[PDB]
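Before any questions on how it binds or moves, here is one chain, the form deposited in one PDB entry, in structure tokens.
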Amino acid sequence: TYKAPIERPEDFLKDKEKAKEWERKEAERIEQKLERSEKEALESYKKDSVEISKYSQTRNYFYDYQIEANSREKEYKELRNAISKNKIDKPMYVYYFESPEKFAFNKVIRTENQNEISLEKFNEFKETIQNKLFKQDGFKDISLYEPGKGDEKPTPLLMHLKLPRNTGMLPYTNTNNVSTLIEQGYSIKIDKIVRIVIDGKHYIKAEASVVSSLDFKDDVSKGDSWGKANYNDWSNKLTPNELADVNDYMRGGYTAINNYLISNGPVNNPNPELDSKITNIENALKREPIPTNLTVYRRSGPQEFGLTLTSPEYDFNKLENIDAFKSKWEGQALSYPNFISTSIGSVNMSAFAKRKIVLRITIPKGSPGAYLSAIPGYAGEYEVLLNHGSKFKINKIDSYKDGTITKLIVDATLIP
């Protein structure tokens, strides 16, 4: 056991005084560890906060060069670095109010003036969040204690999140107040909800935990090293026939295979040669299953979501189109008859420059898949191939501006 510089429990619970006392001592202690550029980034954060956090949520979806050249990138890196100066030595339970719309719950739990949360609403919220992972991203201020009477309580939903060991946490002073900054960047699972009473009103307290995953975001180099560490020896694990079919697929055979699968060819017009290729590629993907929870990115064309390039509903620059898209797909399963190519990185690429839908997939540990880019003779980069017939549960949809074009981030989970 590491003896921490300033002792604390994992959860301060309702003890505001003890949490605030510890938070102030920590803010002072970490300030002493911060570089000049990091302290300066923290000063800029106190004066912007909203724009700096918004930037941190979608910065990784642009081209690698657009990221570097962005005017907010240096401040993002300095503030990110400041938070990583305090990776916690043991878990910490945190608290924050959240909008139920964050979990795609679009009904009202209760109004600000209503005191009660009906069992009807409570159970409807439970059904929306149960058995789902939700990606949380960007800079966020959180509390170290359960809010009470004399605390701001802006929504009927209170998150009680266990932050694991080594999560960066930045306690900092802001004039006469103290707060804690985190950068998020994980999947959460809401294990349990309970109706609690704070000052004569019902609130839903959501017991959430971080479900760890690898998510390289724009760091394609780190993603590539991971893929190569786990799949450099993959082609040698295959039979010569499995490898020849994987290579044939990668070398442009994907068109005949994926069109055959999409058109339901194995049922309406069976092709034994193509069926054998599908069987071998599928078996190859089951040889070395994804070893850990892994987040991948796919730049999707409109056809994957029943649209075309000229469809008016594909104009996400109109709010009614984002609303119609979210209503149709959030909480739904998306099935792919074809093999699905994805990247370990979220960056935009010339090949997919204009695609407006970013499918952000969490692959559970043990799923079929392979890092195809670890193959020697293959040119294709950062590629994880997923098995044909994969179904993806869409948890949440978000929008972002890519210049003048609104694009969507579809947060989905590969379902077994």
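Each residue number is its position in the shown sequence, starting from 1. The term rigid core refers to the maximal set of C-alpha atoms that superpose within 1.5 Å between the two forms.
What follows is about the form deposited in another entry, which we do not show.
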{"item": "Out of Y63, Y378, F352, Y55, the residue that alone shifts its CA by 2 Å or more between this form and the one not shown when the rigid core is the reference", "value": "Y378"}
{"item": "Core superposition between this form and the one not shown, C-alpha change of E124 at least 2 Å", "value": "no"}
{"item": "After fitting the core, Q303 CA displacement of 2 Å or more between this form and the one not shown", "value": "no"}
{"item": "After fitting the core, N115 CA displacement of 2 Å or more between this form and the one not shown", "value": "yes"}
